[PDB]
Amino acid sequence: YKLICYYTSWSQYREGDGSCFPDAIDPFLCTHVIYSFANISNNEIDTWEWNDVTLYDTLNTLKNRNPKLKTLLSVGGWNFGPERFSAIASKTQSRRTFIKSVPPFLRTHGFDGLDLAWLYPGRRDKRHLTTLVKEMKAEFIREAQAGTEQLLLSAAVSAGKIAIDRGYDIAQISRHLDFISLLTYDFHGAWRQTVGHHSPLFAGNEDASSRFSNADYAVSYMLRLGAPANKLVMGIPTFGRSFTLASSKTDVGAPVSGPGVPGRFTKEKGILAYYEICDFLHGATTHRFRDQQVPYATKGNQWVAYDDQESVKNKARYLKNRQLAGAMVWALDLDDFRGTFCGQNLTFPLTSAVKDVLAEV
């Protein structure tokens, strides 16, 4: 099984213990580690942060301890305008220029592949995305003639039915990608004025109309559309989504006023790292959706949807049962990487729980 793990560059800036650098990563935890995110300048792949060249080197030295470890550099991301990807892929000339700049950059910095994080292609982009993937892969095939191991090509893809139907030719890109990571943790949050879980595994016979907004539906749908199970990787989150309640009601459908209060370390309204959730739990009431198989907690007027060791193990078993290629984790820097916030002295408790299940078979 593959265990794909993302590391985000901006996590180096969090204060105190929240600060995470590539060397905090256990070389034997994941099979693949993806660095997020690279930029595109003058239609060529480029660094993003001032010290990326140094962090690339730090990350890639983990391979001196685990020679089987593979690293990839992810291009795009949320702070990368989707329109920007749009413009590059739409024109043969700018697309060729970008594709050509990739292999030498990857080789120079010691990466084993490129991850595409175009979030997200729209109806008018579907054809160009296919073109981008095909031609990128052909270039990688060509570059390997030089005697070096062929570069890997992956992509992070929406798990939302409407997003999938609108922007992706799944049957086509599946044949050119080495693996596809499903973003199965964005099924709510988004700004909708009700309380709900962003990463449920199953639909849950209760208050539903989404009926498409759960991991099981997304996986089934991808398989139906033509993606082979052996190229599909299921996304598992290591963060939680928070809400400020509008009333004293805590159960399903409870009214919400806006996102939750920022965490001390991550400092972003609406999100909390798992290590911050471990702290938040002291004094909170914990619950679990029996149908969706995911937990949530409340304290004061704060409501948090998250994943714990039990739900993450549950998701890992599910993907093994569907015979998928593996799991993807977003993100290592949001897991209890120091192993000092969540109690039982274990570094990366969530990611380790997934790895354990995956190693059972």
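The first residue of the sequence shown is number 1, and the count goes up from there. Under this definition, the rigid core comprises the largest set of C-alpha atoms superposing within 1.5 Å between the forms.
With each structure aligned by its rigid core, the stretch whose Cα atoms sit farther from this model in 6 other deposited structures of this protein, between 186-194 and 150-158, is 186-194. Note on 203-211 and 232-240: with rigid core alignment, C-alpha atoms in 6 other deposited structures of this protein sit farther from this form for 203-211. 296-304 and 26-34 differ in mean CA B-factor, and the higher of the two is recorded for 296-304.
Higher mean CA B-factor, judged across 259-267 and 106-114 from the recorded values: 259-267. Ranking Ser158, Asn205, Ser199, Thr130 by the C-alpha B-factor listed in the PDB entry places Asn205 at the top. Of all the options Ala229, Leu153, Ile88, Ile236, the entry's greatest CA B-factor is assigned to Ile88. In the PDB entry, a CA B factor belonging to the lowest third of its chain's modelled residues is recorded for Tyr274. In the PDB entry, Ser74 places in the lowest third of its chain by CA B-factor.
In the PDB entry, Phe179 places in the lowest third of its chain by CA B-factor. The entry lists a Cα temperature factor for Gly240 that places it in the lowest third of the chain's modelled residues. Among all modelled residues in its chain, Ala171 ranks in the middle third by Cα B-factor.
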